[PDB]
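Please treat every number below as a calculation from the coordinates, not as lab data. Here the Cβ positions follow ideal geometry from the backbone for every residue, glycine too, while neighbour counts run over all protein chains shown.
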Amino acid sequence: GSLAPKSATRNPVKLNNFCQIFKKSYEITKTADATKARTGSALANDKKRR
Amino acid sequence: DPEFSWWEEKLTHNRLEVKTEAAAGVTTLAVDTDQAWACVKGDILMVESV
């Protein structure tokens with residue numbers, strides 16, 4: 001024959017994160033682009049490396 | 001020909017080595033020869049440990 005008890009509760013926790021910006025670039029002269037090389041086309045190799 | 005040659009290239013990490021001790025305050029770092037040409041503005045670097 002007793003009364004009901006007092007209540008209690010709680011809350012969650014919060015987390016967050018950010019976004020980043022990434023950039024890589026390559027460049028070549030149009031003279032060197034049209035030149036022949038033993039190792040191959042310089043533009044393609046540079047794109048692969050980057 | 002009596003002499004022959006070939007080329008190789010590696011795709012790996014981008015590691016630099018600090019030649020001289022740098023305090024906490026200094027903002028200019030001395031690295032191995034020609035190693036600085038690989039990095040450009042905007043790159044994020046981290047100090048290694050075992």
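With each label modelled as a point 7 angstrom along the Cα→C-beta vector, the A:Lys23-A:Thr39 pair spans 2.6 nm.
Quick one: of A:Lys24/B:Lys19; A:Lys30/B:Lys10; A:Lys24/B:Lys10; A:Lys36/B:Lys41, which pairs are farther than 24 Å apart, Cα to Cα? Long pairs (Cα-Cα over 24 Å): A:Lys24/B:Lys19; A:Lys30/B:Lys10; A:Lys36/B:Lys41.
Per the Cα gyration tensor, chain B maps to an equivalent ellipsoid with semi-axes of 33, 13, 12 Å, ordered largest to smallest.
Treating only the Cα positions of the protein assembly as shown as identical point scatterers, give the base-10 log of I(q)/I(0) from the Debye formula at each q in 0.21 Å⁻¹. Computed log10 I(q)/I(0) values: -1.30.
Counting only the Cα atoms, chain A fills a convex hull of 105 Å³ per residue. Of the chymotrypsin sites (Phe, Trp or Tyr not before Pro) found in chain B, those in coil by DSSP whose Cβ has at most 10 other Cβ atoms within 10 Å are B:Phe4, B:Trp6, B:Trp7.
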